[PDB]
Amino acid sequence: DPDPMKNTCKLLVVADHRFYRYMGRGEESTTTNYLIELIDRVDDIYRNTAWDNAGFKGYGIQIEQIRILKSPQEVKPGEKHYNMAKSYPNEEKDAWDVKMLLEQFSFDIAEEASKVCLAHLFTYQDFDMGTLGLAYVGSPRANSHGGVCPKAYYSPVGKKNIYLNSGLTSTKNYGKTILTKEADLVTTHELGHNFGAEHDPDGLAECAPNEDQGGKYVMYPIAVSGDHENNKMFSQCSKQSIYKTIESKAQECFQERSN
Ligand SMILES: CC#CCOc1ccc(S(=O)(=O)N2CCSC(C)(C)[C@@H]2C(=O)NO)cc1
Ligand SMILES: [Zn+2]
């Protein structure tokens, strides 16, 4: 039965200078409110999900710290940063290579990252191939590096400890802002990875239903529209993975739900 004291994954949420400018209209309060609202709607999905299809419910996400980067991190030659002005590795792209950004962000946020269940990056960058978000997959194993619950690994190159309790979401795709309902689902799904779910097996009918049965679930490998019933829910495939992970990791790094 869930532990009321250990039922919530507290977030560090970062809005880099891009999201701030283009989603928050250059306003800190606007940016802050947007993401408080976003995470709150993502939390409705999680909290209301029964991972064992019965009483293993109530588990959610809350922001512990929001950080708004009103300004890019200035960079001289031969040095990089996730919230730097320029994209990496190609300068002449709208966006970073998604995997390198997640990697960069995790290195830069390392000191903060160790203090929280999860760290999440919000950005406004048009990644190639319609890519919208990325995150490390959690696991019930104690040594797992990735997903819920910070676990140090030393980077000899980085000259410090890193935590892969992280993920990111962009609200820009094919040259435009995505829909609010799309953004909610990008974050649900990345946090879903963090929480331990791999993508749904697309040829398995129970975990990838046809439209007439409510459509695909949120861990479907191709961005869902959010128009169909199942789009905002977790498949049984996702439940079984996330359940195991929560069952093991809640005692480690989950906290009490705050008002
Ligand atoms: C709208 C919506 C939705 C559900 O969440 C998603 C988040 C990212 C992607 S993705 O960026 O399109 N993509 C799918 C192919 S594998 C790759 C890593 C490229 C990525 C993903 O699954 N990230 O978690 C799709 C759905
Ligand atoms: Zn995914």
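The rules behind the values
Residues numbered from 1 in each chain as written, not as in the entry; some residues may be left out. Chains lettered and ligands numbered in written order. Heavy atoms only, no water. Helix = DSSP H or I, 4+ residues; strand = E, 2+ residues; numbered from the N terminus. Polar contact = N/O pair within 3.5 Å; in protein donor to acceptor, adjacent residues only side chain to side chain. Contact = heavy atoms within 4.5 Å. Expected span 1.5 Å × (residues − 1). Buried < 20%, exposed > 50% of the residue type's maximum accessible area, 1.4 Å probe, protein only. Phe/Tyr/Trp six-rings, centres within 6.5 Å; stacked < 30°, edge-to-face > 60°. Near = heavy atom within 4 Å. Areas by Shrake-Rupley, 256 points an atom, 1.4 Å probe, with all protein chains shown as cover. 1 Å grid on protein atoms, 1.4 Å probe; cavity = no way out; pocket = protein on both sides within 12 Å on 5 of 7 lines; lining within 4 Å. Sits in = over half its atoms within 2 Å of the grid points.

Regarding how it was determined, this PDB entry cites X-ray crystallography in its header, along with a resolution of 2.28 Å.

Engineer: Please give an account of the side chain of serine 87 that cites residues and values.
Structural biologist: Structurally, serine 87 is set in the loop between β2 (60-68) and α3 (98-108). Within polar-contact distance, the side chain of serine 87 engages the side chain of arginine 18 at 3.3 Å. Here the side chain of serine 87 touches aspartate 94 through a polar contact of 3.2 Å, landing on its backbone oxygen. Apart from the residues lying within four places of it in its own chain, the contact partners of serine 87 are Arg18, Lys93, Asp94, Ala95 and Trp96.

Engineer: Quick one: what's the story with helix α2 (residues 28-47), residue by residue and with numbers?
Structural biologist: Here α2 is 20 residues long and its end C-alpha atoms lie 28 Å apart, about the 28 Å a rise of 1.5 Å per residue gives. Within the span of α2, buried status applies to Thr31, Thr32, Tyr34, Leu35, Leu38, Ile39, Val42, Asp43, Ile45 and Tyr46. Those residues of α2 hidden inside the fold are in contact with β1 (8-15), α1 (17-22), β2, β3 (118-123) and α5 (180-194).

Engineer: How would you sum up the packing of aromatic side chains? Please name residues and give values.
Structural biologist: Counted according to the given criterion, the structure contains 13 aromatic pairs. Plain terms: the ring middles of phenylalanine 19 and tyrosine 34 are 5.6 Å apart, the flat faces sit at 70° to each other, and that makes the pair edge-to-face. Placement of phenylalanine 19 in helix α1 and of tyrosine 34 in helix α2 is noted, with a sequence separation of 15 residues between them. Neither residue differs from the other here; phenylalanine 19 and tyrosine 34 are each classed as buried.

Engineer: Would you mind going over the site of ligand 1 in detail, with residue names and values included?
Structural biologist: Around ligand 1 sit 16 residues, and of these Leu132, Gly133, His189, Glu190 and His199 come closest. Residue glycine 133 places a main-chain N or O atom 2.9 Å away from a nitrogen atom belonging to ligand 1. Within the backbone of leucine 185, an N or O atom sits 3.4 Å from an oxygen atom of ligand 1. In the complex, 81% of the free accessible area of ligand 1, which totals 570 Å², lies under the protein chains. When atoms are counted within 2 Å of each cavity's grid points, the one that captures over half of ligand 1 is the largest pocket. Looking at the shell around ligand 1, the elements with two or more residues in it are β4 (133-135) and α5. With six residues, the single largest contributor to the shell around ligand 1 is α5.

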